[PDB]
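Q: I am attaching a structure below and will ask some questions about it afterwards.
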Amino acid sequence: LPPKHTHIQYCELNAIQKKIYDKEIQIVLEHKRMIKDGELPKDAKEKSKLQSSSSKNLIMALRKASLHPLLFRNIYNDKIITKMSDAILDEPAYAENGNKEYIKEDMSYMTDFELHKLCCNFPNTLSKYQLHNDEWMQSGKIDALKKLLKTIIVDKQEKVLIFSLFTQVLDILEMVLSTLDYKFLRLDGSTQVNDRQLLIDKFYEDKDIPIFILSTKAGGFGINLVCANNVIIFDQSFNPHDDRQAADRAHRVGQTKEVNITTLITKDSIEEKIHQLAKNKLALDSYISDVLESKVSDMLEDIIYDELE
């Protein structure tokens, strides 16, 4: 088995991401001061936000902001969904009845990219609200990915596996790869077990498909992808065993080339803390057929808080 090599590629928060990240860090501050002194936000909207805020979902929001703005609702602002909600009723599944404060409440909890896909599934009423300015390209991790993919695919003429812990990220990447004119296949935990083979075979047979995008949990499916010798970890796991398992879809018996593995890490972000503190372990439910636990989330929130103030 030829050697594997792991690398870190640092990314920056673009302007849109910086704004989103800073908002979350502000909530972290307001939450952390409540947690230890009882101080509440004098602004009404900010105070009520804390009732549903925990270390778990704040750490989750910071992780998503390190990945992609379209994991959040900002383009489809309150004024925007109000018009889409009034608008969607004219669709047949909804013409008989859609309560308006019901569809709009549903929309208020969706992300910009989910709302984009909603407009792409009900065009006759919402197509005018679709994203059509390459907003899925606007992320520091996509900037980094586009550079790395050009090296692998154009300069090296090789294939690559891309892993993410977030199916929402995989959805966004599908539009990114289409914009970049790279053919791809996809296999995640929702893929029917029988349907896996057709996808894999296609990957092996078609030299013009450079990219396979997968959930990191597919690292555990015992699939063999040695026709690729590059692996991109779009977002790392807090358990390094998972990212090693993912990389070993390529780095395994039958592989004839050295395998190069690159983990994308946003600088000045929680991803740096996760890289430092990740701990290698085996699972207890291994005998059975990404939210971090409370203690871990508490520790990450504390570190972020201490390094600010």
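Labels for the structure tokens follow display order: chains A, B, ..., residues from 1 in each chain, ligands from 1.
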Which of segment 217-255 of chain A counts as strand (DSSP E or B) under DSSP, as a list in words please?

A: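 Restricting segment 217-255 of chain A to strand (DSSP E or B) produces residues 230, 231, 232 and 233 of chain A.
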
Q: Mind checking which residues fall within 6 Å of segment 8-22 of chain A, counting only C-alpha atoms, ignoring those fewer than 3 positions away in the same chain, and posting them as JSON, numbers by chain?

A: {"A": [25, 65, 69, 140, 141, 262, 263, 264, 265, 266, 267]}

Q: Would you export the selected residues with C-alpha atoms as a CSV table (one decimal), in the first residue's frame, please?

A:
chain,number,residue,atom,x,y,z
A,25,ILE,CA,-20.1,35.6,18.5
A,65,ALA,CA,-20.6,30.2,9.4
A,69,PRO,CA,-23.2,31.9,4.2
A,140,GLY,CA,-13.8,31.3,1.6
A,141,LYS,CA,-13.9,27.5,1.6
A,262,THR,CA,-6.4,17.9,2.5
A,263,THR,CA,-8.5,19.3,5.3
A,264,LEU,CA,-10.0,22.7,4.8
A,265,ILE,CA,-9.8,24.9,7.9
A,266,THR,CA,-11.1,28.5,8.2
A,267,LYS,CA,-8.6,30.6,10.0

Q: Within 8 Å of residue 294 of chain A, counting only C-alpha atoms, which residues qualify if same-chain residues fewer than 4 places away don't, as an mmCIF file with N, CA and C atoms, in the first residue's frame?

A:
data_model
loop_
_atom_site.group_PDB
_atom_site.id
_atom_site.type_symbol
_atom_site.label_atom_id
_atom_site.label_comp_id
_atom_site.auth_asym_id
_atom_site.auth_seq_id
_atom_site.Cartn_x
_atom_site.Cartn_y
_atom_site.Cartn_z
ATOM 1 N N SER A 55 -25.118 26.192 24.358
ATOM 2 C CA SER A 55 -23.760 26.024 23.858
ATOM 3 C C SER A 55 -23.749 25.130 22.620
ATOM 4 N N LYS A 56 -24.627 24.124 22.588
ATOM 5 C CA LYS A 56 -24.660 23.189 21.465
ATOM 6 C C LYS A 56 -25.008 23.897 20.160
ATOM 7 N N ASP A 298 -19.825 22.877 25.751
ATOM 8 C CA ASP A 298 -19.527 23.797 26.847
ATOM 9 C C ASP A 298 -18.057 24.207 26.822
#

Q: Near residue 242 of chain A, within 8 Å and counting only C-alpha atoms, which residues show up once chain neighbours fewer than 4 positions away are dropped, as a PyMOL selection string?

A: chain A and resi 216-217+219-220+237+246

Q: If we count only C-alpha atoms and set the cut-off at 8 Å, which residues sit around residue 185 of chain A, ignoring sequence neighbours fewer than 5 positions away in its own chain? Please answer as a short mmCIF file (atom, residue, chain, number, x, y, z; two decimals) with N, CA and C atoms, in the first residue's frame.

A:
data_model
loop_
_atom_site.label_atom_id
_atom_site.label_comp_id
_atom_site.auth_asym_id
_atom_site.auth_seq_id
_atom_site.Cartn_x
_atom_site.Cartn_y
_atom_site.Cartn_z
N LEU A 199 -23.56 3.88 -8.60
CA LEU A 199 -22.80 5.13 -8.47
C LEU A 199 -21.30 4.85 -8.49
N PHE A 203 -18.28 5.71 -11.27
CA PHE A 203 -17.07 6.44 -10.91
C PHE A 203 -15.83 5.76 -11.48
N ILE A 209 -15.52 11.74 -15.10
CA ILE A 209 -16.19 12.16 -13.87
C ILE A 209 -15.12 12.29 -12.79
N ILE A 211 -15.05 13.73 -9.75
CA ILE A 211 -15.40 14.06 -8.37
C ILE A 211 -16.49 13.13 -7.86
N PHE A 212 -16.30 12.62 -6.64
CA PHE A 212 -17.31 11.91 -5.86
C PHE A 212 -17.49 12.69 -4.56
N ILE A 213 -18.70 13.18 -4.29
CA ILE A 213 -18.98 13.87 -3.04
C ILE A 213 -19.76 12.93 -2.13
#

Q: Leaving out residue 191 of chain A and any residue of its chain fewer than 3 positions from it, which residues lie within 12 Å of it when counting only C-alpha atoms, given as JSON, numbers by chain?

A: {"A": [167, 185, 186, 187, 188, 194, 195, 196, 197, 198, 199, 200, 214, 215, 217, 218, 221]}

Q: Which is closer to residue 290 of chain A than all the others in A:64, A:7, A:31, A:251, using only C-alpha atoms?

A: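 Ranked by minimum distance to residue 290 of chain A, first place goes to A:64.
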
Q: Any chance you could list, as number ranges by chain, the residues in segment 45-102 of chain A that come up helix (DSSP H, G or I) when DSSP is run on the backbone?

A: A: 45-52, 55-65, 69-71, 78-88, 92-95, 100-102

Q: Please produce a file of the residues just selected, as a compact mmCIF listing (two decimals), in the first residue's frame, where the atoms kept are N, CA and C atoms.

A:
# COMPACT_ATOMS: atom_id res chain seq x y z
N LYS A 45 -35.26 41.99 21.10
CA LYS A 45 -35.05 40.89 20.19
C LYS A 45 -33.87 40.02 20.61
N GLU A 46 -32.78 40.65 21.04
CA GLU A 46 -31.60 39.91 21.48
C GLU A 46 -31.88 39.12 22.77
N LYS A 47 -32.62 39.70 23.72
CA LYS A 47 -32.91 39.00 24.97
C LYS A 47 -33.72 37.73 24.72
N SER A 48 -34.78 37.84 23.92
CA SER A 48 -35.64 36.68 23.70
C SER A 48 -34.92 35.58 22.94
N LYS A 49 -33.93 35.94 22.11
CA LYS A 49 -33.14 34.95 21.39
C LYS A 49 -32.49 33.96 22.34
N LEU A 50 -32.09 34.40 23.53
CA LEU A 50 -31.33 33.55 24.44
C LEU A 50 -32.14 32.39 24.99
N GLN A 51 -33.48 32.45 24.91
CA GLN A 51 -34.28 31.39 25.51
C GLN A 51 -34.10 30.07 24.77
N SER A 52 -33.85 30.12 23.47
CA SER A 52 -33.64 28.92 22.67
C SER A 52 -32.17 28.68 22.35
N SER A 55 -25.12 26.19 24.36
CA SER A 55 -23.76 26.02 23.86
C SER A 55 -23.75 25.13 22.62
N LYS A 56 -24.63 24.12 22.59
CA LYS A 56 -24.66 23.19 21.46
C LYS A 56 -25.01 23.90 20.16
N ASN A 57 -26.14 24.61 20.12
CA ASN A 57 -26.53 25.18 18.84
C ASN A 57 -25.76 26.46 18.49
N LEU A 58 -25.09 27.09 19.46
CA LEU A 58 -24.23 28.23 19.13
C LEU A 58 -22.93 27.77 18.49
N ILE A 59 -22.30 26.74 19.07
CA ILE A 59 -21.15 26.09 18.43
C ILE A 59 -21.52 25.59 17.04
N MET A 60 -22.74 25.07 16.88
CA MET A 60 -23.16 24.60 15.57
C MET A 60 -23.24 25.75 14.58
N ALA A 61 -23.80 26.88 15.00
CA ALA A 61 -23.90 28.04 14.13
C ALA A 61 -22.51 28.57 13.75
N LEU A 62 -21.56 28.58 14.69
CA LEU A 62 -20.21 29.02 14.34
C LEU A 62 -19.58 28.08 13.32
N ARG A 63 -19.79 26.77 13.48
CA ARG A 63 -19.26 25.81 12.51
C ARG A 63 -19.82 26.09 11.11
N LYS A 64 -21.14 26.28 11.01
CA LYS A 64 -21.75 26.55 9.71
C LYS A 64 -21.26 27.86 9.11
N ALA A 65 -21.09 28.90 9.94
CA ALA A 65 -20.61 30.17 9.40
C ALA A 65 -19.18 30.06 8.86
N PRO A 69 -22.09 31.01 3.82
CA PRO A 69 -23.22 31.90 4.16
C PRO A 69 -24.58 31.32 3.85
N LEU A 70 -24.70 30.49 2.81
CA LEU A 70 -26.03 30.02 2.44
C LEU A 70 -26.56 28.96 3.38
N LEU A 71 -25.82 28.63 4.44
CA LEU A 71 -26.33 27.82 5.54
C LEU A 71 -27.13 28.64 6.53
N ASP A 78 -36.83 38.83 6.28
CA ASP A 78 -38.22 38.84 6.68
C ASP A 78 -39.14 39.45 5.66
N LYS A 79 -38.70 40.53 5.02
CA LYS A 79 -39.51 41.20 4.01
C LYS A 79 -39.61 40.30 2.77
N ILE A 80 -38.57 39.53 2.54
CA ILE A 80 -38.51 38.60 1.41
C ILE A 80 -39.42 37.36 1.53
N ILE A 81 -39.47 36.69 2.69
CA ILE A 81 -40.31 35.53 2.81
C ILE A 81 -41.77 35.88 2.92
N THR A 82 -42.05 37.08 3.40
CA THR A 82 -43.43 37.51 3.51
C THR A 82 -44.01 37.49 2.12
N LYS A 83 -43.32 38.06 1.15
CA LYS A 83 -43.82 38.06 -0.21
C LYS A 83 -43.84 36.66 -0.81
N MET A 84 -42.90 35.78 -0.43
CA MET A 84 -42.90 34.42 -0.98
C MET A 84 -44.02 33.59 -0.38
N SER A 85 -44.33 33.86 0.87
CA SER A 85 -45.42 33.16 1.48
C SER A 85 -46.77 33.54 0.86
N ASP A 86 -47.03 34.82 0.65
CA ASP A 86 -48.28 35.22 0.04
C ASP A 86 -48.32 34.59 -1.34
N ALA A 87 -47.19 34.64 -1.99
CA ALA A 87 -47.00 34.16 -3.32
C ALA A 87 -47.22 32.68 -3.58
N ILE A 88 -46.71 31.80 -2.73
CA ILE A 88 -46.82 30.36 -2.96
C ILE A 88 -48.21 29.74 -2.94
N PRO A 92 -50.77 24.55 -6.78
CA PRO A 92 -51.91 23.67 -6.42
C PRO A 92 -51.84 22.98 -5.08
N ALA A 93 -50.75 22.31 -4.74
CA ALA A 93 -50.74 21.74 -3.40
C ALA A 93 -51.13 22.73 -2.31
N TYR A 94 -51.20 24.01 -2.61
CA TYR A 94 -51.50 25.02 -1.61
C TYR A 94 -52.66 25.95 -1.88
N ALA A 95 -53.37 25.76 -2.98
CA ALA A 95 -54.38 26.74 -3.38
C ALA A 95 -55.66 26.74 -2.55
N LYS A 100 -51.22 31.90 5.89
CA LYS A 100 -50.05 32.64 5.57
C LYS A 100 -49.07 32.72 6.67
N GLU A 101 -49.47 32.98 7.89
CA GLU A 101 -48.47 32.98 8.94
C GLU A 101 -47.92 31.59 9.21
N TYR A 102 -48.45 30.56 8.55
CA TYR A 102 -47.93 29.20 8.68
C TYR A 102 -46.80 28.95 7.68

Q: Please indicate the distance in Å from atom CA of residue 280 of chain A to atom CA of residue 240 of chain A, rounded to one decimal place.

A: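 A separation of 5.1 Å between them.
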
Q: Here is a test: counting only C-alpha atoms, which residue of A:184, A:76, A:238, A:166 is nearest to residue 111 of chain A?

A: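 When distances to residue 111 of chain A are compared using only C-alpha atoms, the smallest one comes from A:76.
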
Q: Which residue, A:289, A:261, A:278, A:174, has the smallest gap to residue 148 of chain A when you use only C-alpha atoms?

A: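 Going through A:289, A:261, A:278, A:174 one by one, the smallest distance to residue 148 of chain A is for A:261.
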
Q: Just checking: using only C-alpha atoms, which residue out of A:243, A:6, A:269, A:177 ends up closest to residue 303 of chain A?

A: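 Using only C-alpha atoms, the shortest distance to residue 303 of chain A belongs to A:269.
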